[PDB]
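Novice: Fold the following, please.
(one chain, ligands or ions: 5)
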Amino acid sequence: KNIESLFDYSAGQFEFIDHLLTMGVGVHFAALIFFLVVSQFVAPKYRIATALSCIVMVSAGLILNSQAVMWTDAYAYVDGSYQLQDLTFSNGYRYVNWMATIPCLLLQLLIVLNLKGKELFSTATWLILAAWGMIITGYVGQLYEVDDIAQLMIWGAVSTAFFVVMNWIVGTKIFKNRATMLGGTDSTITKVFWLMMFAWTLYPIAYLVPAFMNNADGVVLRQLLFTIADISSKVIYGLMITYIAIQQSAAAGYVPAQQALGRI
Ligand SMILES: *C\C=C(C)/C=C/C=C(C)/C=C/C1=C(C)CCCC1(C)C
Ligand SMILES: CCCCCCCC/C=C\CCCCCCCC(=O)O
Ligand SMILES: CCCCCCCC/C=C\CCCCCCCC(=O)O
Ligand SMILES: [Cl-]
Ligand SMILES: [Cl-]
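Specialist: Numbering: from 1, shown residues only. Ligands and ions are numbered 1, 2, ... in the order given. And now the structure:
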């Protein structure tokens, strides 16, 4: 039912997909390490934001690692191309982890926006359920990518629905609590949000490849966009949130934070 299952890949598309996935594993487990290291440069009041990008890097990596092995498991060169075997490839696990990495990405944003008390857990919930409502409805849509573009669209429509509302929440929070930000970081955070806007919007694009390019080069397209989307929303976004967590820590009087940026 995945459109990946429909085609016999030329040797260069397979190998391209495989490297897409493997290099994805590489970069997540690599920022993973960096985040760990700079965790000591963040004050106790902001340390969970870097800690959450580590869960994302390992969540993202192990899923990408799962998919890479699964890629090569499912396919064998037969008779001039890579042909599906008795195992199948699927994007489904991308989704489930998005069920999981997205809450982490929001809490860390909400964290560096300086939300204490019932504000942050109340906003955290509405954003997860909206986000979760986006992912779940997108999943059921992508169950029909082969069999019913009709449903892929309407489920796609419901999902994007959720995307708009959830993005509306985030930005309202950014602009208000921007005030409370230390270190020139009020500026940076608004750039955090444009980054996510773009990054996140490549995923819908990647979900409509079946209706405008049901062919094997569409497979690779989709995997390319996912790879870019994942690097932007996960890795690069994490570094920016890392950047803001330390800058405030130093403004607040975390000596190990001033030390770190004072070295540069
Ligand atoms: C790992 C982090 C992120 C932010 C991946 C997020 C995925 C989206 C923002 C995708 C939204 C989609 C839409 C809006 C519609 C079709 C189903 C999707 C979930 C792909
Ligand atoms: C084994 C996978 C094949 C690809 C090799 C991967 C090489 C990794 C290169 C750098 C990691 C990308 C993230 C940049 C480093 C984050 C630290 C920083 O610049 O602040
Ligand atoms: C900032 C996110 C960047 C993520 C890195 C993705 C790297 C892709 C590299 C360039 C793609 C151009 C190579 C052309 C692919 C050949 C397609 C084919 O074999 O049919
Ligand atoms: Cl603190
Ligand atoms: Cl993930």
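Novice: Right, and ligand 4 sits closest to which residue of the stretch 101-250 of the chain?
Specialist: The nearest approach of the stretch 101-250 of the chain to ligand 4 comes at residue 249, 7.4 Å away (CB to the ion). (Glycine included, C-beta is placed from N, CA and C.)
Novice: Pull the contacting residues for that residue.
Specialist: 41, 42, 43, 45, 46, 256, 257 (CB atoms under 8 Å, 6 or more residues apart in numbering).
Novice: Quick check on the residues you listed: which are buried?
Specialist: For the contacts of residue 249, a neighbour count by 16 or more other CB atoms under 10 Å gives the buried set as 41, 42, 43, 45, 46, 257.
Novice: and the residue in the stretch 1-150 of the chain that ligand 2 sits nearest to, how far is that from residue 88?
Specialist: Of all residues in the stretch 1-150 of the chain, residue 26 sits closest to ligand 2, with a separation of 2.7 Å (CB to the nearest ligand atom). Taking CB to CB, to the nearest Å as the measure, residue 26 falls 25 Å from residue 88.
Novice: again, but for residue 177
Specialist: Separation of residue 177 from residue 88 (CB to CB): 45 Å.
Novice: Over to residue 166?
Specialist: Applying CB to CB, the value for residue 166 to residue 88 is 31 Å.
Novice: May I have the phi/psi pair for the closest residue in space to residue 138 that isn't next to it in sequence?
Specialist: Among residues not flanking residue 138 along the chain, residue 159 sits closest, at 4.2 Å (CB to CB, 6 or more residues apart in numbering). The phi/psi pair for residue 159 (degrees, to the nearest 10) reads phi -60, psi -50.
Novice: Tell me the secondary structure of the residue of the stretch 1-150 of the chain closest to ligand 2, please.
Specialist: helix (DSSP: H, G, I helix; E, B strand; the rest coil).
Novice: and it, how many neighbours?
Specialist: Residue crowding around residue 26 was assessed by other CB atoms under 10 Å; the count is 14.
Novice: Identify the residues contacting it.
Specialist: Residues counted as contacts of residue 26 (CB under 8 Å, 6+ apart): none.
Novice: So which residues on this protein come close to ligand 2?
Specialist: For the chain, the contact set with ligand 2 under CB under 6 Å from any ligand atom comprises 22, 23, 26, 27, 30, 31, 34, 239.
Novice: farthest pair in those residues?
Specialist: Farthest pair in the residues of the chain next to ligand 2 (CB to CB) is 22 and 239. Separation: 21.3 Å.
Novice: one step back: settle it for me: which of residue 166 and residue 88 has more neighbours?
Specialist: Comparing residue 166 with residue 88 by other CB under 10 Å, the one with more neighbours is residue 166, at 22 against 14.
Novice: returning to that earlier point: list just the nearest of the residues of the chain next to ligand 2 to ligand 3.
Specialist: Distance to ligand 3 across the residues of the chain next to ligand 2 (CB to the nearest ligand atom) is lowest for residue 23, with 7.2 Å.
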